[PDB]
Amino acid sequence: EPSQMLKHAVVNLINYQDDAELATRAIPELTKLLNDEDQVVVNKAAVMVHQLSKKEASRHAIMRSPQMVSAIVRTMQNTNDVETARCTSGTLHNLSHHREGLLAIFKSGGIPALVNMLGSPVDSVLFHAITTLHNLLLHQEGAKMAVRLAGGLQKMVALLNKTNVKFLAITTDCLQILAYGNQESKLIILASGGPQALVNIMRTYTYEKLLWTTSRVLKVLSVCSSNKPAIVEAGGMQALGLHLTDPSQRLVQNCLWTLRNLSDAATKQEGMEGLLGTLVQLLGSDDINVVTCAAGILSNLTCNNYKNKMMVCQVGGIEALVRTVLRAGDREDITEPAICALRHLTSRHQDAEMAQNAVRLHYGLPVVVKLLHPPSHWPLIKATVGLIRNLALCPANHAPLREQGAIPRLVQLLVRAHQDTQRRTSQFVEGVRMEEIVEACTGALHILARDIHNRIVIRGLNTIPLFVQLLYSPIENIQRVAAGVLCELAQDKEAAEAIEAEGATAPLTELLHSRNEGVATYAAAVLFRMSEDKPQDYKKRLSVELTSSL
């Protein structure tokens with residue numbers, strides 16, 4: 001022994017087959033001792049069988065006896081002695097560490113009993129209990145399908161109230177292995193209060209391995225249209241946001257994904273300061289994923305929510321995003337969400353006008369109008385056109401935006417997109433249907449037509465004839481922006497008569513009976529401009545026409 005392994009071998013071999021055969025000679029007996037009625041007798045047996053599992057030799061023996069196993073399982077779920085349980089359970093634990101054992105316990109029906117063991121008030125018991133289950137869920141085939149039917153989920157979620165970190169991890173991981181790619185399970189975890197339970201963990205412990213394992217569960221639930229809003233109410237967003245800076249990259253990445261899967265719902269949450277603020281930071285991270293997800297989340301959280309829009313602006317959201325776009329490049333996987341954010345951050349909220357100037361002070365206009373041209377794809381373009389529009393609300397961008405050659409492109413896109421909606425008659429593309437490109441562009445020109453010089457350019461491209469045709473569109477929104485752009489242009493005699501000679505008088509006169517506050521207005525607006533400076537006769541019947549018909 002104190003020499004080499006040449007001696008240890010004869011020892012390991014002499015005692016292995018030794019204690020090994022001892023079991024094959026006692027297993028049958030002990031088996032009976034368990035089935036025995038006398039309670040005190042079974043107890044002793046359980047303690048002996050457990051002392052045998054410890055030994056490898058004896059272990060395989062117990063692990064190969066379908067009768068001995070089934071006996072242990074049975075005894076464990078029917079025993080009312082804290083020691084018999086901890087031993088019977090502990091035994092099954094030392095057995096699960098082996099493929100044969102798992103198969104055995106699985107064949108002897110241990111999962112069910114084990115599940116029922118999770119309800120046990122005894123700690124040690126619960127430990128070995130959940131553990132053995134974890135092993136079966138990882139290596140035992142069909143084990144999953146089984147645990148579910150045994151109502152483990154609920155019992156497992158209930159255990160989430162414990163305090164042992166390393167224990168919580170094991171349990172949570174189970175809730176993960178059972179939920180992944182399974183709606184039923186996910187629903188059950190929902191009908192068990194899992195969400196609020198899980199969240200509490202993320203907002204209470206610091207055990208890295210736990211948080212991760214916990215977030216994972218949330219990730220698999222964030223995909224569910226049922227748990228998604230549920231995870232939100234519990235305040236999951238805020239919770240997850242409390243780890244976006246953690247050193248464990250895997251933890252941060254998981255929190256990010258889960259967030260993006262809930263962002264399109266938490267648009268009505270309060271106390272997002274930390275999150276929103278932190279997300280802005282991530283926009284400056286080195287990892288593309290971090291930046292992307294960061295952008296995506298912001299984009300969603302900034303969609304219709306002034307409280308969020310203003311905050312993002314009070315943390316450098318614009319500058320941050322502007323750099324994100326100027327950093328992304330062609331990777332529309334980053335520009336699209338980034339641009340959308342800016343769009344949301346440039347409309348419907350006090351500090352809107354602020355950001356509008358911001359996008360310019362940080363040299364964003366050049367890169368914004370830039371995205372209007374190839375290789376940029378329709379989805380990006382649509383989102384971009386929207387941004388430009390709002391950016392046009394600020395007269396300080398009129399000139400700077402016009403110099404970037406935005407009007408020419410917008411008009412062009414309008415033409416083609418429109419000519420496309422015309423050939424579709426005698427209609428989606430990459431997801432974005434041209435009809436949407438028409439409204440945006442025109443609407444972008446309507447707002448951008450507030451500058452005299454811009455109007456000279458817009459008109460110069462001979463667009464008057466087209467905008468008139470759009471008045472015949474079956475889509476209100478198009479008519480609105482259509483009659484709108486004509487309105488801003490109608491304030492100039494030349495363009496005024498230009499629109500009249502185009503035959504806009506007839507159609508416009510009708511849009512007065514439109515069930516759209518705007519349409520009618522703009523429509524009437526152009527009419528007035530045209531007839532302005534005509535015989536005192538027509539303009540008189542004109543003033544009546546407007547007062548009577550509306």
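Residues numbered from 1 in each chain as written, not as in the entry; some residues may be left out. Heavy atoms only, no water. Residues with missing side-chain atoms left out of burial classes, pairs and counts.

Per the PDB record, this model was obtained through X-ray crystallography at a reported resolution of 3.40 Å.

(A) The arrangement of the overall build of the protein chain in detail. Helix and strand counts for the protein chain come out as 35 helices and zero strands. In terms of overall size, the protein chain is more extended than a compact globule, its C-alpha atoms giving a radius of gyration of 36 Å where 550 residues would be expected to give roughly 24 Å. Seen through its principal axes, the protein chain has C-alpha atoms that stretch 120 × 55 × 45 Å. (Helix = DSSP H or I, 4+ residues; strand = E, 2+ residues; numbered from the N terminus. Rg over C-alpha atoms; globule rule 2.2 N^0.38 Å.)

(B) Here's a closer look at a nonpolar patch on the surface. On the surface, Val 10, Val 11 and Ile 14 cluster together into a nonpolar patch covering about 250 Å² of accessible area. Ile 14 gets classed as partly exposed once you look at its relative accessible area, which sits at 48%. (Patch = residues over 30% accessible without salt bridge, like charges linked within 9 Å, V, L, I, M, F, W, Y side chains within 5 Å. Areas by Shrake-Rupley, 256 points an atom, 1.4 Å probe, with all protein chains shown as cover. Salt bridge = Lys/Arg side-chain N within 4 Å of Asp/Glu carboxyl O. Buried < 20%, exposed > 50% of the residue type's maximum accessible area, 1.4 Å probe, protein only.)

(C) Layout of the packing of helix α4 (residues 66-78) against helix α5 (residues 82-96). Following both chains from N to C, one finds α4 and α5 inclined at 145°, their axes separated by 9 Å at the closest point. Judged by the sense of rotation from one axis to the other, the crossing of α4 with α5 is left-handed. Residues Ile 72, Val 73, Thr 75 and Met 76 of α4 touch α5, and the partners they reach there are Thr 84, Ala 85, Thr 88, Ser 89, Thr 91 and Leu 92. Residues that form the contact of α4 with α5 fall into these classes: five nonpolar, five polar and no charged. (Axes fitted to C-alpha atoms, helices over the stretch in contact; angles between N-to-C directions. Left-handed = near helix turned anticlockwise from the far one by under 90°. Contact = heavy atoms within 4.5 Å. Nonpolar A, V, L, I, M, F, W, Y, C, P; charged D, E, K, R; others polar.)

(D) Spotlight on the layout of surface pockets. Empty space within the largest pocket amounts to approximately 620 Å³. Taken together, 22 residues form the lining of the largest pocket, with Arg 348, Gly 386, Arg 389, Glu 439 and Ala 440 sitting closest to its centre. Of all the elements in the fold, those that place two or more residues in the lining of the largest pocket are α22 (332-344), α25 (378-392), α28 (434-448) and α31 (476-490). A total of six residues in the lining of the largest pocket trace back to one element, the largest contributor, which is α28. Considering only residue class, the lining of the largest pocket consists of six nonpolar, eight polar and eight charged. (1 Å grid on protein atoms, 1.4 Å probe; cavity = no way out; pocket = protein on both sides within 12 Å on 5 of 7 lines; lining within 4 Å. Points joined across faces, edges and corners; volume = space filled by probe spheres on them.)

(E) Main features of the nonpolar core. Core analysis: the largest hydrophobic core is formed by 173 residues, its most contacted members being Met 156, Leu 279, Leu 301, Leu 486, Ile 499 and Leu 508. Looking at this core element by element, the count peaks at nine residues for α25. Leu 279 has contacts with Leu 244, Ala 294, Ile 297, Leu 298 and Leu 301, leaving out every residue within four places of it along the chain. (Core = buried A, V, L, I, M, F, W, Y, C linked by side-chain atoms within 4.5 Å.)

(F) Examining the pattern of salt bridges more closely. Inspection of every chain in the model, using the stated rule, returns 14 salt bridges. Across the pair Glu 29 and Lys 32 runs a salt bridge, and its minimum N-O distance is 3.9 Å. In this pair, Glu 29 and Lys 32 are both assigned in helix α1 (residues 5-35), three residues apart and thus about one turn of the helix distant. With a relative accessible area of 54%, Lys 32 lands in the exposed category. Among the salt bridges present, the one from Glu 435 reaches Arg 433, with a minimum N-O distance of 3.7 Å. Overall, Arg 433 belongs to the partly exposed group, its relative accessible area being 29%. Among the ionic contacts, a cluster of salt bridges with common partners joins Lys 382, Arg 433, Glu 435 and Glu 436.

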